[PDB]
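Report on one structure; see the data block that follows.
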Amino acid sequence: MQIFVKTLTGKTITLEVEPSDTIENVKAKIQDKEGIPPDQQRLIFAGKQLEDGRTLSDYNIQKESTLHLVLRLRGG
């Protein structure tokens with residue numbers, strides 16, 4: 001199923017996933033799309049901070065839903 005990940009500058013992301021994947025893998029496939037390390041990635045929808053041990057099913061992430069990417073740098 002296709003899902004979209006909207007960053008915060010105005011970029012969009014296209015993903016080839018399935019409900020079988022967990023929040024960990026999906027964060028490991030996204031590196032490929034932009035380049036950000038998964039450890040520096042966070043995903044939030046409606047105030048819930050997603051978790052790497054969850055499956056797309058725990059969140060019923062369905063079709064045409066947009067996710068929001070967050071950038072947490074390791075310094076500054």
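Ligands are numbered from 1 in the order shown, chains are lettered A, B, ... in the order of the structure tokens, and residues start at 1 in each chain.
Neighbours of residue 60 (chain A) closer than or equal to 12 Å, with only C-alpha atoms counted and sequence neighbours fewer than 4 positions away skipped, come out as residues 18, 19, 20, 22, 45, 54, 55, 56, 64 and 65 of chain A.
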### Task
DSSP on the backbone, then: every residue of region 1-67 of chain A marked strand (DSSP E), written as a PyMOL selection string.
chain A and resi 2-6+14-16+41-45+48-49+66-67
I need the chosen residues saved as an mmCIF file, in the first residue's frame, with N, CA and C atoms.
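Contents of again14.cif, as written:
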data_model
loop_
_atom_site.group_PDB
_atom_site.id
_atom_site.type_symbol
_atom_site.label_atom_id
_atom_site.label_comp_id
_atom_site.auth_asym_id
_atom_site.auth_seq_id
_atom_site.Cartn_x
_atom_site.Cartn_y
_atom_site.Cartn_z
ATOM 1 N N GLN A 2 0.468 2.232 -0.731
ATOM 2 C CA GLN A 2 1.245 3.510 -0.776
ATOM 3 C C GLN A 2 0.861 4.387 0.406
ATOM 4 N N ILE A 3 1.867 5.033 0.976
ATOM 5 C CA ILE A 3 1.622 6.029 2.037
ATOM 6 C C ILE A 3 2.481 7.283 1.696
ATOM 7 N N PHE A 4 2.064 8.380 2.284
ATOM 8 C CA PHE A 4 2.842 9.648 2.021
ATOM 9 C C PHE A 4 3.452 10.178 3.289
ATOM 10 N N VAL A 5 4.709 10.610 3.311
ATOM 11 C CA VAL A 5 5.294 11.208 4.494
ATOM 12 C C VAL A 5 5.640 12.695 4.242
ATOM 13 N N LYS A 6 4.905 13.578 4.826
ATOM 14 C CA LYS A 6 5.151 15.044 4.597
ATOM 15 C C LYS A 6 6.160 15.581 5.573
ATOM 16 N N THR A 14 7.239 9.312 -1.101
ATOM 17 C CA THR A 14 6.342 8.204 -1.544
ATOM 18 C C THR A 14 6.948 6.934 -1.006
ATOM 19 N N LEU A 15 6.153 6.054 -0.418
ATOM 20 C CA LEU A 15 6.648 4.815 0.141
ATOM 21 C C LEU A 15 5.968 3.517 -0.307
ATOM 22 N N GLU A 16 6.782 2.541 -0.630
ATOM 23 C CA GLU A 16 6.166 1.209 -0.941
ATOM 24 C C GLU A 16 6.253 0.272 0.244
ATOM 25 N N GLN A 41 15.219 10.244 13.162
ATOM 26 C CA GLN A 41 13.869 10.377 12.670
ATOM 27 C C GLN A 41 12.887 10.118 13.792
ATOM 28 N N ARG A 42 11.825 10.920 13.795
ATOM 29 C CA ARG A 42 10.677 10.687 14.727
ATOM 30 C C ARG A 42 9.402 10.840 13.925
ATOM 31 N N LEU A 43 8.329 10.124 14.257
ATOM 32 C CA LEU A 43 7.079 10.206 13.461
ATOM 33 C C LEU A 43 5.929 10.454 14.431
ATOM 34 N N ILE A 44 5.174 11.517 14.174
ATOM 35 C CA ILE A 44 4.066 11.930 15.028
ATOM 36 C C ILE A 44 2.791 12.215 14.243
ATOM 37 N N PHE A 45 1.667 11.661 14.772
ATOM 38 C CA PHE A 45 0.343 11.880 14.167
ATOM 39 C C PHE A 45 -0.671 11.979 15.322
ATOM 40 N N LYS A 48 0.626 11.463 19.101
ATOM 41 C CA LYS A 48 1.237 10.168 19.425
ATOM 42 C C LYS A 48 2.656 10.019 18.848
ATOM 43 N N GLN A 49 3.638 9.831 19.688
ATOM 44 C CA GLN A 49 5.014 9.560 19.184
ATOM 45 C C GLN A 49 5.203 8.094 18.803
ATOM 46 N N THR A 66 -1.558 10.716 5.557
ATOM 47 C CA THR A 66 -0.245 11.366 5.472
ATOM 48 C C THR A 66 0.423 11.285 6.844
ATOM 49 N N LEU A 67 1.703 10.903 6.890
ATOM 50 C CA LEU A 67 2.433 10.909 8.164
ATOM 51 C C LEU A 67 3.276 12.198 8.259
#
### Task
Have a look at CA of residue 29 (chain A) and CA of residue 76 (chain A) and let me know their distance in Å, one decimal.
26.4 Å
### Query
Could you state the separation of CA of residue 26 (chain A) and CA of residue 57 (chain A) in Å, given to one decimal place?
13.0 Å
#### Entry: Minimum-distance residue to residue 8 (chain A), chosen among A:27, A:70, A:75, A:51 (using only C-alpha atoms)
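With only C-alpha atoms as the atom set, the closest residue is A:70.
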#### Entry: Sel. of alpha helix (DSSP H) residues, region 11-64 of chain A, as a PyMOL selection string
chain A and resi 23-33
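Here CA of residue 30 (chain A) and CA of residue 46 (chain A) stand 20.8 Å from one another.
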